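The block underneath contains the structure these notes are about, expressed in structure tokens.
A short reminder: the numbers here are calculations on the coordinates, not readings from a lab. All Cβ positions, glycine included, derive from the backbone under ideal geometry; neighbour counts span all protein chains shown.
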2 protein chains.
Amino acid sequence: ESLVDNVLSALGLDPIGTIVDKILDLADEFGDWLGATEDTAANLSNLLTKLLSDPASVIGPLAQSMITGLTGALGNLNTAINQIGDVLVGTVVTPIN
Amino acid sequence: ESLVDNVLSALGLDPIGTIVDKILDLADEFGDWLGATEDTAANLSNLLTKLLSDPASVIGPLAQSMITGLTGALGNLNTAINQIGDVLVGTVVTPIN
């Protein structure tokens with residue numbers, strides 16, 4: 001009975017009742033344990049597979065600055081366009097390339 | 001005694017002492033098991049929520065080539081700018097668009 005009670009206390013449930021009732025509660029607790037473990041494993045596998053195949057739904061919107069060199073390339077292109085516009089009216093500027 | 005011994009051996013600890021001490025060690029092992037399971041579940045849930053809401057912190061820097069068509073679009077724009085620059089001085093080239 002002490003083994004049963006200590007195991008039940010460790011798993012969370014408070015042991016009150018007969019040995020049979022405590023054992024039944026212990027069995028239900030291990031059933032919930034099985035459910036939790038299998039659900040965690042399945043969720044991890046599903047998340048891995050979805051993140052590999054289709055990362056749209058799982059991953060939310062992200063800032064352009066996170067991409068390496070994206071902001072640099074966009075700035076270079078915009079500055080090139082601005083310089084192209086400016087040279088035609090004057091305002092001598094250092095060419096980009 | 002053999003049930004306690006086999007369970008403790010399966011869960012990892014080496015059972016040395018009385019049956020009461022082995023039972024206490026078994027209870028502590030199940031407590032650590034519970035901690036591990038709950039922490040794994042919480043970490044998975046937190047990672048899922050963070051990846052859905054704000055993916056900047058969790059996800060590290062990534063190469064532009066991973067994005068579909070980003071390198072193609074950047075190359076097309078750069079080649080268009082280069083052709084615009086080149087035509088004004090000569091060197092007849094195939095137009096892009």
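Between B:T18 and A:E38, what is the FRET efficiency for a Förster distance of 45 Å, r being their Cβ-Cβ separation, to the nearest 0.05?
The pair B:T18/A:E38 has a calculated efficiency of 0.80.
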- Given label points at 7 Å from Cα along Cα→Cβ, what nm distances, shortest first, separate A:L47 from the same residue in every other copy? 0.5
- Note on the structure: Note: B:26-32 gets an average of partner chain Cβ contacts (10 Å, Cβ to Cβ) equal to 4
- Check the straight Cα-Cα distances from A:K22 and name the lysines below 29 Å, setting aside those fewer than 8 residues away within the same chain. B:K22
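What is the average number of partner chain Cβ atoms found within 10 Å of a Cβ in B:73-81? If you can, show how the numbers build up before the last one.
Numbers: counts 1, 6, 0, 0, 6, 5, 0, 1, 7.
Average neighbour count from other chains, rounded to a whole number: 3.
Between A:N78 and A:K50, take the C-beta separation as r, use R0 = 35 Å, and let me know the FRET efficiency to the nearest 0.05.
Values: r = 36 Å, r/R0 = 1.02.
Computed FRET efficiency for A:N78 and A:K50: 0.50.
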- Task: Sort shortest first the distances from A:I59 to its counterpart in every other copy, using label points 7 Å along the Cα-to-beta-carbon line, and give them in nm.
- Result: 0.3
- Query: Using a cut-off of 30 Å between alpha-carbon atoms, which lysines can reach B:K50, once sequence neighbours fewer than 8 places away in the same chain are excluded?
  - Reply: A:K50
- Query: For chain B, which semi-axes, largest first and in whole Å, follow from the square roots of 5 times the eigenvalues of its Cα gyration tensor?
  - Reply: 69, 14, 8
- Message: Using the Cα centre of chain A as the reference point, and only Cβ charges (+1 on K/R, -1 on D/E), how large is the resulting charge dipole? Debye, rounded to the nearest 20.
- Response: 1060
